[PDB]
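Student: One structure follows; several queries about it will come next.
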Amino acid sequence: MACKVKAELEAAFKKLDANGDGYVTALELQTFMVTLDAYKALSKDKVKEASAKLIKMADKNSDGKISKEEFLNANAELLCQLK
(Lines give C-alpha, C1' and ligand atoms only; values in the text may rest on other atoms or scores of the structure.)
Protein backbone atom coordinates (compact mmCIF):
# COMPACT_ATOMS: atom_id res chain seq x y z
CA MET A 1 0.00 0.00 0.00
CA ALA A 2 2.47 2.63 1.21
CA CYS A 3 1.05 5.96 2.37
CA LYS A 4 3.44 8.78 3.29
CA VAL A 5 3.78 12.54 2.81
CA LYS A 6 0.09 13.17 2.05
CA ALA A 7 -1.41 16.52 3.07
CA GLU A 8 1.30 16.90 5.70
CA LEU A 9 1.25 20.53 4.66
CA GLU A 10 -2.37 20.67 5.74
CA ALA A 11 -1.24 20.34 9.33
CA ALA A 12 1.06 23.32 9.47
CA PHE A 13 -1.32 25.50 7.52
CA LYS A 14 -4.44 24.54 9.47
CA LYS A 15 -2.18 25.14 12.45
CA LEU A 16 -0.36 28.00 10.77
CA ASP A 17 -3.59 29.79 11.45
CA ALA A 18 -6.92 28.42 10.34
CA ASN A 19 -8.39 30.93 12.78
CA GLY A 20 -5.49 32.80 14.44
CA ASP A 21 -6.84 33.84 17.83
CA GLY A 22 -3.82 34.58 19.96
CA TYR A 23 -1.16 32.01 19.27
CA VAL A 24 2.07 32.21 17.34
CA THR A 25 1.83 30.73 13.88
CA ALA A 26 2.80 31.17 10.22
CA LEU A 27 1.43 34.67 10.76
CA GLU A 28 5.14 35.54 10.79
CA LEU A 29 5.90 32.82 8.27
CA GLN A 30 4.36 35.26 5.83
CA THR A 31 7.22 37.53 6.82
CA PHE A 32 9.42 34.54 6.27
CA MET A 33 7.87 34.22 2.83
CA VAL A 34 8.13 37.97 2.25
CA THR A 35 11.68 38.13 3.58
CA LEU A 36 12.51 34.86 1.81
CA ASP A 37 9.62 33.55 -0.29
CA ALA A 38 11.96 30.74 -1.29
CA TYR A 39 14.73 30.86 1.33
CA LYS A 40 16.71 32.65 -1.37
CA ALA A 41 18.75 34.15 1.46
CA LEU A 42 18.64 31.07 3.71
CA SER A 43 19.41 31.48 7.42
CA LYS A 44 23.02 32.67 7.31
CA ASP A 45 22.05 35.37 9.81
CA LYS A 46 18.69 36.80 8.77
CA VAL A 47 16.14 34.13 9.68
CA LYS A 48 17.20 34.21 13.35
CA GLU A 49 17.01 37.99 13.61
CA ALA A 50 13.29 37.58 13.09
CA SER A 51 12.81 34.02 14.28
CA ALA A 52 14.96 34.29 17.40
CA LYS A 53 12.40 36.80 18.58
CA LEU A 54 9.34 34.92 17.40
CA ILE A 55 10.80 31.73 18.86
CA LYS A 56 11.53 33.27 22.24
CA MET A 57 7.85 34.16 22.58
CA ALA A 58 6.34 30.95 21.19
CA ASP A 59 9.14 28.41 20.69
CA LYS A 60 10.16 27.39 24.21
CA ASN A 61 10.61 23.72 23.31
CA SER A 62 9.30 23.55 19.73
CA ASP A 63 5.56 23.80 20.34
CA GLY A 64 4.50 26.89 18.40
CA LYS A 65 4.93 25.26 15.00
CA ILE A 66 5.56 21.54 14.43
CA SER A 67 4.76 19.75 11.13
CA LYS A 68 4.77 20.98 7.52
CA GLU A 69 5.96 24.14 9.18
CA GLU A 70 9.17 22.32 9.96
CA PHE A 71 8.79 20.97 6.47
CA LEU A 72 8.51 24.31 4.73
CA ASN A 73 10.49 26.19 7.41
CA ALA A 74 13.16 23.50 7.83
CA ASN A 75 13.13 21.70 4.47
CA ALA A 76 15.09 24.53 2.91
CA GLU A 77 17.02 25.17 6.09
CA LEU A 78 17.71 21.47 6.55
CA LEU A 79 18.44 21.02 2.87
CA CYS A 80 20.40 24.27 2.51
CA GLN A 81 23.91 23.36 1.37
CA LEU A 82 24.81 25.82 -1.40
CA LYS A 83 28.45 26.47 -2.29
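Identifiers in the C-alpha coordinates: chain A, B, ... in order shown; residue index from 1 per chain; ligand index from 1 in order shown.
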Would you kindly return, as a count of residues only, each protein, DNA or RNA residue with an atom no farther than 12 Å from any atom of residue 17 in chain A, considering only C-alpha atoms and excluding same-chain residues fewer than 4 positions away?
Tutor: 17
Student: What does the distance between CA of residue 48 in chain A and CA of residue 67 in chain A come to in Å, to one decimal place?
Tutor: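 Between CA of residue 48 in chain A and CA of residue 67 in chain A the gap is 19.2 Å.
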Student: Assign secondary structure with DSSP using the backbone only, and return the residues of chain A in alpha helix (DSSP H) as a PyMOL selection string.
Tutor: chain A and resi 9-16+29-36+47-58+68-79
